[PDB]
Amino acid sequence: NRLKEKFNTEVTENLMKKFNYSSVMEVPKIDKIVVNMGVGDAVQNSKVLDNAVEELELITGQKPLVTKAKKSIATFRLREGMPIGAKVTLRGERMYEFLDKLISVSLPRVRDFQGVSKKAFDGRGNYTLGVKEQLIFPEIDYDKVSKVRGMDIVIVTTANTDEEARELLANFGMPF
Amino acid sequence: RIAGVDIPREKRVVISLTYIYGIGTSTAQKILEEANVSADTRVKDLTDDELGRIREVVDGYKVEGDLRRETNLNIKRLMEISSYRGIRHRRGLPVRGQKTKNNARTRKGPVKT
Amino acid sequence: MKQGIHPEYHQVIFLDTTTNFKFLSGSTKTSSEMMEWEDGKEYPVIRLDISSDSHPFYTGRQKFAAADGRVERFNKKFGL
Amino acid sequence: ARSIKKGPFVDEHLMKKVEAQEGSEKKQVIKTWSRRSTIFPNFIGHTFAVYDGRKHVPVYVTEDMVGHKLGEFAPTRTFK
RNA sequence: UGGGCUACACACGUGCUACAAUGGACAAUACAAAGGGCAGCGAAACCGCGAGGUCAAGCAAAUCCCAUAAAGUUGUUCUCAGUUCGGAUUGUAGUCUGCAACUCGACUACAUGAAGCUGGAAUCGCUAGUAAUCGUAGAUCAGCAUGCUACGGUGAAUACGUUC
């Protein structure tokens, strides 16, 4: 819980001083992290979705929820109820461990890494990071990766504004 | 994995180093000799200290993303100055004064009959 | 957490070998080698080629000087 | 010529014409047929009407255009 | 003086290089012929990884130089894939000739590493020192050859026969 200790000690004080919070309960915190992988080619080959689920489970540490089509779309040849994604929600210690790992061990493994988008905030204090290749994560061996596919990592925060969310993530150590 | 790019485990160390962008046989040999490692030895059967020395030598060779960005900057500069080379890069035609009446496929793509 | 559905997961030390920089965190890598932590108990260690304290973008280190301008290359090449 | 031991080539008449009115900031357009003349840093900010075969195409010299020939910015052939 | 003859959605002819293991890379080590050289051919040495540069020997030729042939042989290595095949394209750094290599020269170094896995209908050459394969020299020429004209090294298969 090194990252959590940093948040309790340094980030809390820095952020509260910067934004003039009358109470500590106003200090933003990372509510959850949702790691999603949309596998639309599972329509054509379910083994792709199975491999994606296994890789996501290795990355995150817990079994993913398989997400199914909410509606049928002819162009995609998608029928309602067909499994076309995987999702993991991380909270608490696992969330913090994954976050520090992503900041330190994983993100620098990005090829030609030059920081993460600073404008990728929903407008209400939540940040979505699109990783373009799973090989980034240290838990995956490229030998067993039949196909390389990305992920969406949604950091959901209690910050009301992109400015506060940016300050929180920067203090945590996100490049920008 | 050296320079942020994985290199073939089976291959010999020098041939695997060539897979790094910006590394060619001459510079793979120079790197391997600077960092005293045998050419015959495969990357899989390679000492951790040997791998570290290889990384230390390689980091200073200006390879991978830095080299790609440098080349792209040069191409963009010649395109922006409106040079003859820039116009030909924009039009996707041979730049070094070749003949386009025939034999320009590597620049013009597949044949459009 | 439910029992039997999640993969084996345990504390490890991620060790950036370049800078010999250790930090403890959870992961399912299960590397054999064990290095003692500041706490007495050892945990399996994960060798790391690069890390947040060794990446040029993170550290700000400039490996190579910026490309010279056209005037500067002209002058340095032709000696004028 | 191209060899380093020889200095970058440039027409003497073109060079002296450019040097003329160097002090004055009201630099004018210089008509030239010398597509072969090299571009020196002295040319930056100048306007050369370079002959391309039938007409003088105006070319404005900037810093990034140093080291190229004046013909590289005066295309000779017309296509589409 | 400058441009064009070097254009480029394309079709045809003639060639060069390949698609690999009868091969690629690296190390050592053999054997030719026919030609050219005056302000031209330019050894030795030293400088650079190299293209080349510095000075400079011999020679108007069975004398000196171009000019060490390569394929080949003997070893090490790779190990059946778009690869250690291939080397097109592109960036950077240079060498030379020429006054001057942008349109529009050749060559070197570093880096990149495209198509291409033996090619449909069709169609061509060759009867022996031939085909195939490997290099070498000359004219034009300041510079520039995959073209042309000559030279030699290795060196096949097959011809029953004349109905079509």
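Reminder, nothing fancy here: chain letters follow the sequence lines and each chain counts from 1. These numbers come from the heavy atoms of this one structure, side chains and all, not from hydrogens, waters or symmetry mates.
For D/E19, the CD atom is densely surrounded, since the number of other residues' heavy atoms within 6.0 Å is greater than 12. Atom CD of D/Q28 is surrounded by 12 or fewer heavy atoms from other residues, nucleotides or ligands within 6.0 Å. Residue-environment remark: NZ (C/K76) exceeds the threshold of 12 foreign heavy atoms within 6.0 Å. Residue D/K31 qualifies as open at atom NZ: its count of foreign heavy atoms under 6.0 Å is 12 or below.
Side-chain contact between C/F74 and D/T38 is present, with at least one heavy-atom pair separated by less than 4.5 Å.
Going from atom CZ of C/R70 over to atom CD of D/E63 covers 10.5 Å, rounded to the nearest 0.5 Å.
Only the backbone of D/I39 has a heavy atom closer than 4.5 Å to any heavy atom of chain C.
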